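Protein chains in written order, with the deposited numbering: chain B, 2 to 215; chain A, 1 to 95, 97 to 216.
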């Protein structure tokens with residue numbers, strides 16, 4: 002039996018948002034065992050409130066928890082991009098039962114546009130010794146999290162051997178991805194250069210690398 | 001690092017059994033019979049599946065069993081079913098605070114296992130000229146799509162400046178990710194080496210790179 006949370010809530014940077022967690026007299030209304038967890042997709046939930054109002058060590062004083070009757074509430078003030086996450090409440094009930102809310106996705110509205118930083122790496126000596134010549138185009142610090150990548154061998158398009166990872170949000174709240182091109186040492190040494198062209202929000206960043214002169 | 005230690009992953013095929021551990025100290029896991037286990041499917045609420053070491057809440061099948069020996073609690077899932085593929089967490093009371102593990106991803110194998118290809122790249126000449134010395138540890142062609150990365154500066158663990166992408170399925174239906182360490186040129190040039198350690202299916206692969214006079 003789930004506790005009741007709104008599926009979504011939102012706020013702009015620096016604003017406050019309050020989200021609720023409705024249970025029954027025998028769980029939320031029954032004791033001070035209400036906890037709140039903040040979870041970024043693909044990461045473990047982080048405890049932000051326990052015993053209705055208590056913050057663990059390291060949780061900013063911007064997160065406040067309270068309860069009135071059968072409804073617990075979490076308020077997040079001075080919203081920051083890192084606060085954009087899923088929030089789950091829980092409460093013990095009778096008979097060793099532990100109830101969880103269905104989660105609230107809190108959206109921090111209007112986050113700033115950010116162009117990608119692109120760094121193109123030529124093949125490592127270890128992999129060239131291992132008869133491999135992979136290039137990696139590291140793409141970081143971009144927002145929103147959608148990019149397209151094209152590769153060139155000299156000035157010509159590369160139509161095979163390309164993989165680009167699905168962008169993931171990193172600790173600076175901006176996206177990262179890597180495009181990698183698996184070349185043979187012969188393909189790498191036979192061209193004057195390779196280039197990675199990253200398109201983000203209609204603007205392209207191009208980087209070029211060439212076989213070592215060392 | 002979480003208060004209790006759980007292995008980052010486990011796997012098995014349908015019908016197999018898996019056992020996952022949760023290690024603490026004598027003041028938490030080994031001090032009482034208060035270990036709880038929680039199951040969580042991506043994008044869904046966690047669910048309590050074991051409490052007080054061995055107790056199953058109503059409706060949790062007997063395929064799930066919990067035990068404890070000294071400072072280590074264990075959860076066994078027998079006859080693995082598709083619905084068991086999830087993240088599993090433990091918790092315990094401590095000397097009367099609550100301590101948690103960092104979670105174990107349990108994968109019900111959907112295709113053959115595949116060990117990752119790990120390629121470690123030193124700083125590129127262009128970024129060094131731009132006063133950056135980012136290293137990239139490319140990890141590809143692995144299954145299950147669960148990986149843990151750690152970096153070392155010489156033999157010392159380095160946590161600061163590390164970012165690792167969430168694994169994503171590539172055109173060959175295997176996973177890829179990259180881990181990048183944002184060093185300054187001073188940090189890069191002043192150490193003997195830097196290493197990328199990739200853990201997958203309980204085994205660790207390490208790659209090391211060191212500065213050169215010419216890039």
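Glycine included, every Cβ here is placed at the ideal spot set by N, Cα and C.
If we count Cβ pairs, one from each stretch, closer than 8 Å, do we get three or more for the region 115-132 of chain B versus the region 34-45 of chain B? no
Whole angstroms is fine: what's the gap from residue 169(A)'s alpha carbon to residue 180(B)'s? 12 Å
According to DSSP, what are the bridge partners of residue 164(A)? 181(A)
Counterpart residues of residue 49(A) in DSSP-defined beta bridges: Partner(s): none; residue 49(A) has no beta bridge.
Using only the alpha-carbon positions, how far apart do residue 74(B) and residue 102(B) sit? 12 Å
Give the straight-line distance between the Cα atoms of residue 16(B) and residue 78(B), rounded to the nearest whole angstrom. About 6 Å.
Under a Cβ-count criterion, where at least 16 other Cβ atoms within 10 Å of its own Cβ denotes burial, should residue 164(B) be classed as buried or exposed? buried
Buried or exposed: where does residue 209(B) fall if 16 or more other Cβ atoms within 10 Å of its Cβ makes it buried? Classification of residue 209(B): exposed, given that the 10 Å Cβ count is below 16.
Can you tell me whether DSSP reads residue 73(A) as helix, strand or coil? strand
Closest by C-alpha distance to residue 143(A), when choosing among 29(A), 202(A) and 49(A): 202(A)
Strictly under 8 Å for the Cβ-Cβ distance: is residue 171(A) near chain C by that measure? Going by chain labels, chain C is absent from the structure shown, which instead holds the protein chains B and A.
Give me the Cα-Cα distance between residue 148(A) and residue 199(A), rounded to the nearest whole angstrom. 7 Å
So within the region 93-171 of chain B, which uninterrupted beta strand (DSSP E) runs reach at least 3 residues, ignoring any that extend past its ends? 99-101, 105-109, 118-122, 134-143, 149-154 and 163-165
Using the three-state DSSP reduction, which class does residue 207(B) fall into: helix, strand or coil? In this structure, residue 207(B) counts as strand in the three-state DSSP scheme.
Residues in the region 166-199 of chain A having any Cβ partner in chain B nearer than 7 Å: 166, 167, 169, 171, 172, 177, 178, 179 and 181
List, in chain order, every chain A residue whose beta-carbon is nearer than 8 Å to that of residue 135(B). Within 8 Å Cβ-Cβ: 120 and 139.
To the nearest angstrom, how far is it from the Cα of residue 239(A) to the Cα of residue 187(A)? Any question about residue 239(A) goes unanswered here, given that chain A covers just 1 to 216.
Is any beta-carbon of chain A found at less than 8 Å from that of residue 207(B)? no
If you drop the 5 nearest sequence neighbours on each side, which residues of the same chain put their C-beta closer than 6 Å to that of residue 93(A)? 32 and 34
Taking beta-carbon pairs under 9 Å, can you tell me which members of the region 46-58 of chain A lie near chain B? 46, 47, 48, 51, 52, 55, 57 and 58
Hey, could you find the ends of the beta strand (DSSP E) residue 39(B) is sitting in? 36-40
Find out if the Cβ-Cβ distance for the pair residue 13(A), residue 71(A) is shorter than 8 Å. no
Using DSSP's beta-bridge definition, name the partner residues of residue 25(B). Per DSSP, none; premise fails for residue 25(B).
Below 8 Å between beta carbons: does that hold for residue 108(A) and residue 85(A)? yes
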